[PDB]
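> Experimental coordinates for this protein are included below, preceded by the sequence.
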Amino acid sequence: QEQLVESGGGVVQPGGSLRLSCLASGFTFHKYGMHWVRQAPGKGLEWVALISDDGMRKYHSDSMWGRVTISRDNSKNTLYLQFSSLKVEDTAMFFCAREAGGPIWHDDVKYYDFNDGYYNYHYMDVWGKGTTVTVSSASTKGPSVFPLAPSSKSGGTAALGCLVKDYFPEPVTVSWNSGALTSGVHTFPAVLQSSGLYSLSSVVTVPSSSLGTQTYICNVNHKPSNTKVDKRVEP
Amino acid sequence: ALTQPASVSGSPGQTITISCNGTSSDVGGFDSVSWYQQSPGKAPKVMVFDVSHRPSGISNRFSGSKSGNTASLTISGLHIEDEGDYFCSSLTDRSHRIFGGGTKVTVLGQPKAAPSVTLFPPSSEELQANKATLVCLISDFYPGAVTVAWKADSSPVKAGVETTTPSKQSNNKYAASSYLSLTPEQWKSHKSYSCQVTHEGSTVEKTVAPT
Ligand SMILES: *[C@@H]1O[C@H](CO)[C@@H](O[C@@H]2O[C@H](CO)[C@@H](O[C@@H]3O[C@H](CO)[C@@H](O)[C@H](O)[C@@H]3O)[C@H](O)[C@H]2NC(C)=O)[C@H](O)[C@H]1NC(C)=O
């Protein structure tokens, strides 16, 4: 039934041009308005553009600085968005969303506009899982591994881990003492810093008693760059 | 951007209300407010539109209102399946659409757990590499919503701060990481630096000193 599919996504160069494509089905395409909504990683929704049913009217976000252009091909039931001079901050999820709409009634009779086209309604009733877009130029690179040593604060339980920073692309696998260490182990999700390179952190909780009597070694494997590293973390 | 609280929590069966403060150029200028629910790893869903109206096939527990420049979303009798992020959106006098920051709604499924926070200074090694990065790591907190605030000495710091989205552990609690990149100089100039995570009204605080 009513469905939208987002496609044309991937990883792209800054300053380059890109063009996304949404495909609908299960409804009369040429009767509704269409939206693009973006969502940077872990951020909130952000409005991008709105195009009228016949595509002879367009609206863009004032914060897009006119770097985006929205278009449509009603004969293909397909919606388009296009970029220019992309930026790393343009990393986000790109949703396709229909604009609710239909007749408007006064008394018991319903009125349309010329052509019998729907008046607009003001709420995106249909969504399609967005396609993802990543902006980074950094060729494949190996990660640097820095020790996060146990603070002097701890008796009780101590925390220590590895700061694996400056790699590309994902993913990276992080073990401890060669897998032997599992409990109290939390490996965090990677962040894409301004650099255009990835960073992450894995940490392990231990009894402060074990400090100096137990050797902790984080094993990092960055398959892409074919790099394996071993770092000892100590007070 | 519209203003929503970062997070609201409650128990099942309990009733809740998310606020959405705005201006006279949107919320207060039009009765076209919509509410969207976004459950993890999924796509938004319309819950309310034109302030109070419920689309066909939407629970009687979702209520919406408005007052001046501030509209609301009221969930009566929280079910677990209500969990997820919620966004308010309004029409604007520029014929644009605007979204709120979003509100993570948590319905308790396991007894509350205060976070365990640790703060790392830059390693000597990174500092020989002419760089600096304070790692602030948070674990074992439930609900899965926290507020990370950095402070240089006494004053707050927003620039160069990165924070990941809370994720589930093996023990079903939540963890999050926050980085604060610095130059070797900035790091040497200040007395100290403060990492402040706010979780369920309570705030823990650790502090690294370059000294
Ligand atoms: C939009 O949301 C903001 C927060 O994001 C709301 O701020 C707070 O609103 C209350 C209600 O006016 C203010 O007064 C409160 O009174 C109750 C008792 O009636 C008390 O328990 C609270 O401690 C508080 O004193 C509160 O000061 C205010 N906080 C602010 C201003 O930051 C606000 O209600 C919303 N918008 C507007 C215009 O009120």
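Structure's in. What do you need? Numbering: from 1, shown residues only, chains lettered A, B, ... in the order given.
> State the distance from residue B:136 to the ligand.
Computed as CB to the nearest ligand atom, to the nearest Å, the residue B:136 to the ligand distance reads 25 Å. (Each C-beta comes from the backbone N, C-alpha and C, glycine too.)
> Next SSE downstream of the helix or strand containing that residue?
Assigned by DSSP states H and E, residue B:136 belongs to strand B:132-141. Downstream of strand B:132-141, the first helix or strand assigned by DSSP H and E is strand B:147-152.
> quick revisit: so how far is the strand holding residue B:136 from its chain's centroid?
Centre-to-centre, strand B:132-141 and its host chain are 17 Å apart (CA atoms, centre = their mean, to the nearest Å).
> Also stretch B:177-184?
Remark: stretch B:177-184 is offset 20 Å from the chain centroid, using CA atoms, centre = their mean.
> Can you give me the buried ones in that stretch?
B:177, B:178, B:179, B:180, B:181, B:182, B:184 (16 or more other CB atoms under 10 Å in any protein chain shown).
> residues touching the fifth one, list them.
Residue B:181 makes contact with A:193, B:131, B:132, B:133, B:160, B:162, according to CB atoms under 8 Å, 6 or more residues apart in numbering or on different chains.
> which among those gets closest to the ligand?
Proximity of the contacts of residue B:181 to the ligand was ranked by CB to the nearest ligand atom; the top entry is residue B:162 with 24.3 Å.
> so who does the closest residue to that closest one other than its chain neighbours touch?
The shortest distance from residue B:162 to any residue other than its chain neighbours is 4.5 Å, reached at residue B:179 (CB to CB, 6 or more residues apart in numbering or on different chains). By CB under 8 Å, 6+ apart, the contact set of residue B:179 is A:191, A:193, A:199, B:133, B:134, B:135, B:136, B:161, B:162, B:163.
> got it, and residue B:27?
Contacts here follow CB under 8 Å, 6+ apart; on that basis residue B:27 touches B:2, B:20, B:21, B:33, B:66, B:69, B:70, B:71, B:90.
> Most neighbours of all the contacts of residue B:181, which one?
Tallying neighbours with other CB atoms under 10 Å in any protein chain shown puts residue B:133 at the head of these, with 24 neighbours.
> domain parsing for chain A?
A:1-137, A:138-232 (curated CATH domains).
> So which residues on chain B come close to the ligand?
B:3, B:5, B:19, B:21, B:70 (CB under 6 Å from any ligand atom).
> among these, which are in strands?
Under the assignment DSSP state E, the residues of chain B next to the ligand contribute B:19, B:21, B:70 to strands.
> Neighbour count added to those, as a markdown table?
Formatted as a markdown table, those follow (neighbours: other CB atoms under 10 Å in any protein chain shown):
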| residue | neighbour count |
| --- | --- |
| B:19 | 17 |
| B:21 | 17 |
| B:70 | 16 |
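> can I get those residues in TSV with distance to chain A?
Conversion of these to TSV gives the following (distance: CB to the nearest CB, whole Å):
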residue	distance to chain A
B:19	16
B:21	15
B:70	18
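> Tabulate the residues you listed in TSV, adding columns for distance to residue A:81.
Output for these, formatted as TSV (distance: CB to CB, whole Å):
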residue	distance to residue A:81
B:19	32
B:21	31
B:70	33
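> Looking at those, which is nearest residue A:111?
residue B:70 (33.0 Å; CB to CB).
> From residue B:46, how far off is that closest one?
20 Å (CB to CB, to the nearest Å).
> Also residue B:163?
Residue B:163 is 29 Å from residue B:46, by CB to CB.
> element containing the residue of chain A found nearest the ligand?
Closest to the ligand within chain A is residue A:44: 15.3 Å, counting by CB to the nearest ligand atom. Per DSSP H and E, residue A:44 falls between elements, in no helix or strand.
> Next up, the contacts around the closest residue to it other than its chain neighbours.
Residue nearest to residue A:44 in three dimensions, not counting chain neighbours: residue B:102, with 4.1 Å by CB to CB, 6+ apart. Going by CB under 8 Å, 6+ apart, residue B:102 touches A:44, A:45, B:4, B:38, B:85, B:86, B:87.
> about what we covered before: tell me which two in the residues of chain B next to the ligand are the farthest apart.
Longest span within the residues of chain B next to the ligand, CB to CB: B:5 and B:70, 12.0 Å.
> Break chain B into its domains for me.
B:1-109, B:110-210.
> farthest residue from the center of chain B?
residue B:128 (35.5 Å; CA atoms, centre = their mean).
> Phi and psi next, for the residue nearest to residue B:39 when sequence neighbours are not counted.
Among residues not flanking residue B:39 along the chain, residue B:84 sits closest, at 4.0 Å (CB to CB, 6+ apart). The phi/psi pair for residue B:84 (degrees, to the nearest 10) reads phi 140, psi -180.
> Show me what residue B:84 is bridged to.
In this entry, residue B:84 is beta-bridged to residue B:105, by DSSP bridges.
> How about the one 4 residues further on?
Here residue B:88 sits in beta bridges with residue B:35, going by DSSP bridges.
> List the residues that contact it.
Contacts of residue B:88 by CB under 8 Å, 6+ apart are B:2, B:4, B:18, B:20, B:33, B:34, B:35, B:36, B:71, B:73, B:99, B:100.
> my read: the last one touches residue B:6, true?
Which is residue B:100. No: if you go by CB atoms under 8 Å, residue B:100 and residue B:6 don't touch, sitting 10.9 Å apart.
> hang on, the earlier thing: could I get the domains of chain A as a markdown table with distance to residue B:202?
Shown next, in a markdown table, are the domains of chain A (distance: least, CB to CB, whole Å):
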| stretch | distance to residue B:202 |
| --- | --- |
| domain A:1-137 | 23 |
| domain A:138-232 | 19 |
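> what about these, which gets the closest to residue B:188?
For the domains of chain A, proximity to residue B:188 was assessed by CB to CB; domain A:138-232 is nearest, at 18.0 Å.
> Now find how far off-centre that closest one is within its chain.
Worked out by CA atoms, centre = their mean, domain A:138-232 lies 24 Å from the chain centre.
> Next, format the contacts of residue B:27 as a markdown table and append distance to residue A:145.
Compiled in a markdown table, the contacts of residue B:27 are given as follows (distance: CB to CB, whole Å):
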| residue | distance to residue A:145 |
| --- | --- |
| B:2 | 42 |
| B:20 | 44 |
| B:21 | 45 |
| B:33 | 49 |
| B:66 | 53 |
| B:69 | 51 |
| B:70 | 49 |
| B:71 | 49 |
| B:90 | 47 |
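> now those: which count as buried?
For the contacts of residue B:27, a burial check counting by 16+ other CB under 10 Å picks out B:2, B:20, B:21, B:33, B:66, B:69, B:70, B:71, B:90.
> Identify the bridge partners of the first one.
Put plainly, it is residue B:2. Counting by DSSP bridges, the residues bridging with residue B:2 are residue B:100.
> how much space between residue B:209 and the ligand?
32 Å.
> May I have the residues that are in contact with the residue nearest to that residue when sequence neighbours are not counted?
Closest residue to residue B:209 apart from its sequence neighbours, by CB to CB, 6+ apart: residue B:192 at 4.6 Å. Residues near residue B:192 by CB under 8 Å, 6+ apart: B:153, B:207, B:208, B:209, B:210.
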